[PDB]
Structure formats: C-alpha cells, structure tokens
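Next comes just one chain, in structure tokens: the form deposited in one PDB entry.
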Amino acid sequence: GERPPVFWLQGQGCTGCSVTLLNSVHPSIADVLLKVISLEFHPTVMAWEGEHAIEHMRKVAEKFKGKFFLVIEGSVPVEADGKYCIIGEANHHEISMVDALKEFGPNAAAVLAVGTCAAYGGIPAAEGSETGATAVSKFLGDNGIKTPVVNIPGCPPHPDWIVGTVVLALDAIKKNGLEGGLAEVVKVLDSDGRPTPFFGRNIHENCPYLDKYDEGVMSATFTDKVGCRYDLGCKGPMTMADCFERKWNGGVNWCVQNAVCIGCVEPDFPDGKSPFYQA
C-alpha cells in the first residue's frame, strides 16, 4: 500500500534519535525507508537542501493535510523568541523550531515525539539550562494545538520502539481508518504518553539480577557482573522499558549488563535520575 508521508523535524536534538533508527534490524532501515514510510523531509539524510527542502515539505503538507506524520527529535526552545533553534529559512524569513511546530503541528495526523528531549524536555531542559527547552506535548498544549501526540522516549530510544510504534499506528489505521486508528493508539498509551507494548514493564522486576538485589549482594566495582548494580547507581527500579528482553544493538548488550541503567526513558531524566553512579 501507499507509504504515509513523514516529516522529521530536529529541534534541540543531538541526531542520536535519527542514528538509533538507522540501527533497526528487523525491518532494516532500508526497508523502512523504501517500504514502510515515505520520509519526505529529514535534514540529515535528504537529497535537497535549504529553501527548496522547506518548500518541498510545505507542498507535501498541503497535498496531505491532516494525513502526514510529524516526527520531532529534540526539545523546542521558547526563550528569546525562538532564536535558540533556527531550522530553516524561506521567503527571506528565518524559521525557528517554535515557528515550525506551530506551522506543521496543527496539520499532522499525529506528532511522534521521538526521544526524551522531545517527549519530556530531557537534557536541554535540565538544571542549568536557559533556552526554555520545552517538551512537544506541553508546547502544543500551550499553543492550543490539539493534534494527537505519541511519546517514544529514551536517550536514545531503541529503534524497535520507534519502528514498532509506527507499525502499531499503521495496523490500527488499516483496521479502523485514520482517526479511529489513532484513537486506538492513544488507548494503549500510559500516563506519560508512552506505548505500553514497549514501556508497560519495569526493568527491575524483570531483571536477571533481581535475586541478588533481594539478597543484598551488590557489586562494588563495575566489572563485577555477579552482583546487583544498585549501589553503583542502577535506576532500574524506577524505569519502565523492555531493555531487559530486547537488549541493544542487535541484542549484543544492554545497560544493566554492561554498567547501570540511567533511567533514560523517564520524564525526569536526567535530573531525577542523577547522580548516575550513586543510589
């Protein structure tokens, strides 16, 4: 069938949410781009550039009004009239991230806030920042934009969470149509806007080291892989993600095995999860 158009806007992001997507195994990113979505705008990988790239996005947006998916990577900074994040220029006007989300957000089928920055504010919104870094849902709400938002957090998210959420939406839409399908997606989000298939389970209660935790057997050095990592800073108890099962990068490792969980999918990351290396 016809692949839905996607525009991928980067605000105060690090491109790590884009890179993590490139690591998708099944399906491969090649299959995602050629068979699953039509990625019409993405500043890191698209052919065209500048005002022409912006105008192409605008033409597609008009043609597919209400039907395109808008991915946001990074937070949206509201201070200084949006000047901490300029994303383009067209018609001799600078376009801030603020301007862009106000332009495209109202006409999207849905906004996918990919990564903790976009979902919750993340590192750019953390203590010591001064750009007014704002999460997607808060920004849209503050601006009266009612478009459905799905949060796919993590710093970065696992590619399976991103692709899987797109597929959840596509399955629901095939069965129910666009509005109806997106309503079915919203019903499987938790109170933080996250899809329960990927974020409905707790790391700690499913952790292979739980028996050691219960026995009070704690590693005193990172390279001791027998003990529980709690004293080293592990935030598994406060974290809702399925990393314990799918693991990372083709299943070769994950944070708790290698070091500690830093709770990167949680709304209070990083400050509520810091210091990282103490309980």
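Here the rigid core means the biggest group of C-alpha atoms that line up within 1.5 Å when the two forms are laid on top of each other. All residue numbers are counted from 1 along the displayed sequence.
Trainee: Select between 206 to 214 and 228 to 236 the stretch whose C-alpha atoms have the higher average B-factor in the entry.
Mentor: Per the PDB record, 206 to 214.
Trainee: Averaged over C-alpha atoms, is the B-factor higher for 124 to 132 or for 177 to 185 in this PDB entry?
Mentor: Mean C-alpha B-factor is greater for 177 to 185.
Trainee: Given 32, 54, 241, 47, identify the residue with the highest C-alpha B factor in the PDB entry.
Mentor: Result of the comparison over 32, 54, 241, 47: 32.
Trainee: Per the coordinate record, which of the options 92, 158, 102, 194 holds the highest CA temperature factor?
Mentor: That would be 92.
Trainee: Report the third (lowest, middle or highest) to which the CA temperature factor of residue 36 belongs, ranking only the modelled residues of the same chain.
Mentor: According to the entry, residue 36 has a C-alpha B-factor in the chain's highest third.
Trainee: Split the chain's modelled residues into thirds by Cα B-factor; is residue 220 in the lowest, middle or highest one?
Mentor: For residue 220, whose C-alpha B-factor we compare with every modelled residue in the chain, the answer is the highest third.
Trainee: What third of its chain, lowest, middle or highest, does the C-alpha temperature factor of residue 115 fall into?
Mentor: Lowest third.
Trainee: Please say which third, lowest, middle or highest, residue 75 falls into when its CA temperature factor is compared across its chain.
Mentor: For residue 75, the deposited C-alpha B-factor lands in the lowest third.
Trainee: Compare the C-alpha B factor of residue 106 with those of the other modelled residues in its chain, then answer lowest, middle or highest third.
Mentor: Middle third by C-alpha B-factor.
The same protein also exists as the form deposited in another entry; that form is not shown, yet it is the one meant from here on.
Trainee: Once the rigid core is lined up, just say which one of 210, 36, 54, 60 has a C-alpha that travels 2 Å or more between this form and the one not shown.
Mentor: Spelled out, the residue whose C-alpha shifts by 2 Å or more is 36.
Trainee: Do you see a C-alpha shift of 2 Å or more at residue 27 between this form and the one not shown, with the core held fixed?
Mentor: Where the cores coincide, residue 27 still shows a C-alpha shift between this form and the one not shown that is 2 Å or more.
Trainee: Residue 28 and residue 167: do their C-alpha atoms lie closer or farther in the other entry than in the form you see, with a change of 3 Å or more?
Mentor: Relative to this form, closer in the other entry.
Trainee: Between the shown chain and the other structure, the Cα gap of residue 28 to residue 258 differs by 3 Å or more. Is it closer or farther in the other entry?
Mentor: Residue 28 and residue 258 sit farther apart in the other entry.
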